[PDB]
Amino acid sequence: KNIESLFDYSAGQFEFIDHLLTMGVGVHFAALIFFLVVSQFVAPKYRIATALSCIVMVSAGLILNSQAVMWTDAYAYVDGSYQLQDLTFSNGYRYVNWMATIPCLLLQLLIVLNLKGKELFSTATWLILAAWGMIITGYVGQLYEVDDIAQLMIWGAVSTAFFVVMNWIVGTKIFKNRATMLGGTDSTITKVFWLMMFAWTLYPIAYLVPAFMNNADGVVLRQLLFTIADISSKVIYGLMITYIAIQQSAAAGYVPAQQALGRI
């Protein structure tokens, strides 16, 4: 039902699909390694944000590790090419952990927009249901990527709607509680806000791929777009939650953060 399964790829694409998935495991697990260590140095008010990116790294990490392992469990080499045997690839669990990863990835921002208590809990809840509506509508569209490109369009359309809606609430909180942030970080979160628009338009590109390269290296183009989105949605936004997170630790009195910024 997915467009991976339609294709007898050559050999070079597979190994490169094997290879996207593999450094993608490696890079998050290495990112993981690093949000753990500068945990000493966050004020215990943005500490959960850097800790939302140990969760995120081993979330994107398992799924991408599940997938590569499942990418290779899946295809022998037969009379030229790597062919579906009888154990299927499909990008379906990836939406599923975006059910967990999009959310978790938003509160750390919301934590670094210093949302707290009722307005942390209020903003957090609406971003999540908008994320979910986007995620499940999209999940059901790529369900017809072979069978029904028209609903893929239609369901993609609804999913987009929720995206628009959810960026509007992301940026509305930034571009408004911007000045409550400290450390000099009142600045870097509008900037961060545009990287996280770019990598989030990458998936709905990896999503219209079937209706414009219904072919084998269309499958590769699709997986090209995934790795990059995973790299700066999970990992590079996160590195910045910490830059934004450490600069607020430091500037409010956090002695370990003040001297963490000293030998840099």
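Between two forms, the rigid core is the largest collection of C-alphas that superpose within 1.5 Å. Residue numbers run from 1 along the displayed sequence.
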item	value
Core-fitted comparison in 7 other deposited structures of this protein, 166-174 vs 183-191, farther C-alphas	183-191
Residue range whose averaged C-alpha B-factor is higher in the record, 186-194 or 117-125	117-125
Which of 72, 159, 101, 180 ranks first by CA B-factor in the deposited coordinates	180
Entry-reported Cα temperature factor of residue 90, expressed as the chain third it lands in	highest
Residue 139 by Cα B-factor - lowest, middle or highest third of the modelled chain	middle
Chain third (lowest, middle, highest) by recorded CA B-factor, residue given as residue 61	lowest
Residue 155 by Cα B-factor - lowest, middle or highest third of the modelled chain	middle
B-factor third for the C-alpha atom of residue 111 within its chain	highest
